[PDB]
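Step one of this worksheet: look at the structure below.
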Amino acid sequence: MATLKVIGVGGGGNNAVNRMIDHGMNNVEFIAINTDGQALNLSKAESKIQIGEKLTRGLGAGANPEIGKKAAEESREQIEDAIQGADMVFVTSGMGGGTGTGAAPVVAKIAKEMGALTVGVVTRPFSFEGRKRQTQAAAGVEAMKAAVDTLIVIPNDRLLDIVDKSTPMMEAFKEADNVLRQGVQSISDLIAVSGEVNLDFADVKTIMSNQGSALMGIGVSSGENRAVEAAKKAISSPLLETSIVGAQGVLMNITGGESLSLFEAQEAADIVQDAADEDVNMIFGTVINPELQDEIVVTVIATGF
Ligand SMILES: NC(=O)c1c(F)ccc(OCc2nc(-c3ccc(C(F)(F)F)cc3)c(Br)o2)c1F
Ligand SMILES: Nc1nc2c(ncn2[C@@H]2O[C@H](COP(=O)(O)OP(=O)(O)O)[C@@H](O)[C@H]2O)c(=O)[nH]1
Ligand SMILES: [Ca+2]
């Protein structure tokens with residue numbers, strides 16, 4: 001049974017983790033990593049690592065990614081110890097600050113050294129934060145890409161595409177944080193449940209090990225044309241930087257009730273295939289959940305660009 005850990009690094013990453021702790025994911029271990037002792041003290045994470053006590057005296061890294069990097073390197077043994085035994089690690093962080101930008105790639109590097117399939121989920125700053133913030137964040141993203149197995153990048157500007165003029169900022173932030181939450185829940189489902197056409201953690205590693213940026217999504221529909229609608233929703237991910245176009249690897253699962261038809265499954269798979277590379281390494285799964293009535297749920301991860 002694969003062990004999952006979710007690690008928040010710096011403010012934005014810990015914000016994401018705090019929402020997940022609030023909802024509950026009993027089988028998943030949450031780890032909070034920060035330079036900022038005040039923020040870390042308020043976290044309800046079961047496992048906390050204050051990095052850079054010597055460097056920052058319990059303050060943040062003040063927008064200097066070199067300080068975040070050095071803080072993580074200084075606490076390497078603590079980070080190793082907290083990760084040890086994980087089969088899969090998610091590292092969540094907002095790029096552009098001091099702590100996440102610098103520390104998150106070190107954490108991801110350690111995770112992979114400890115043997116974990118390592119997935120980064122990171123944001124790029126809003127354009128309103130300025131070119132400097134954006135340039136620091138880009139360096140972070142590239143460092144993350146080099147350290148992880150697979151990277152999911154959410155430009156914060158994409159949040160401006162999903163709000164109306166009154167949508168509360170915290171509600172917009174919840175939508176961005178749901179990318180991580182739904183990714184973790186979906187992998188938990190994959191590991192826990194034996195499928196009629198079973199996918200397991202070795203299939204996840206095949207598609208996700210030593211890749212780069214990825215598209216992930218989930219689509220739910222019912223009624224007429226449900227399979228096509230669910231597939232299209234799964235592959236259209238308005239918050240992610242990466243599109244499915246040209247994908248060389250896909251992991252795809254369809255979950256339906258007892259009415260799930262072979263014809264529908266083909267329709268959904270063809271939607272996903274059509275979008276990917278013609279030599280796509282596609283691994284397809286199915287689970288029948290008799291508790292469902294007319295809903296279909298299509299889950300996709302696409303890698304290799
Ligand atoms: N067919 C199965 O054995 C199966 C099951 F029984 C339940 C769920 C399930 O798939 C859920 C699923 N989860 C993923 C997935 C893929 C990637 C990630 C990521 F990127 F790590 F976030 C998270 C989740 C995918 Br593609 O599909 C199955 F494949
Ligand atoms: N979407 C989202 N972005 C955030 C959040 N908090 C911070 N950010 C973004 O993450 C960047 C770095 O902030 P933060 O993680 O607090 O800095 P650090 O603690 O110094 O790593 C900011 O420049 C924002 O673009 C959040 O809760 N949600
Ligand atoms: Ca399974």
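When a ligand or atom number is given, it counts from 1 through the structure's own listing order. We number each residue from 1, following the sequence as shown.
Nearest-residue assignment for atom 23 (O) of ligand 2 (options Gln136, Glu129, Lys174; heavy-atom criterion): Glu129. When the heavy-atom distances from atom 14 (P) of ligand 2 to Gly12, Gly13, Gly97 are ranked, the shortest goes to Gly12. Considering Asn253, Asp200, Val300, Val287 only, the shortest heavy-atom separation from atom 1 (N) of ligand 1 involves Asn253.
Of all the heavy atoms of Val204, none lies under 4.0 Å from any atom of ligand 1, so neither backbone nor side chain is involved. Residue contacts with ligand 1 for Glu196 are absent, since no atom lies close enough (heavy atoms, distance under 4.0 Å). Contacts of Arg133 with ligand 2, taken as heavy-atom pairs under 4.0 Å, involve the side chain alone. Proximity of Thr99 to ligand 2, defined as any heavy-atom pair under 4.0 Å, is shared by backbone and side chain alike.
The nearest protein atom to atom 21 (O) of ligand 2, hydrogens excluded, is given as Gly100 N, 2.7 Å; this is a heavy-atom distance. Looking from atom 27 (O) of ligand 2 to the surrounding protein, the closest heavy atom is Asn15 OD1, 3.0 Å.
Between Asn34 and ligand 2, a contact under 3.5 Å exists for no N or O pair. Backbone and side-chain nitrogen or oxygen atoms of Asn156 are examined, and one is located within less than 3.5 angstrom of a nitrogen or oxygen of ligand 2.
The O atom of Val193 and the OD1 atom of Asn198 subtend an angle of 90° at the Ca ion (ligand 3), given to the nearest 10 degrees.
Taking a 4.0 Å cut-off on heavy atoms, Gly60 fails to register as neighbouring ligand 2.
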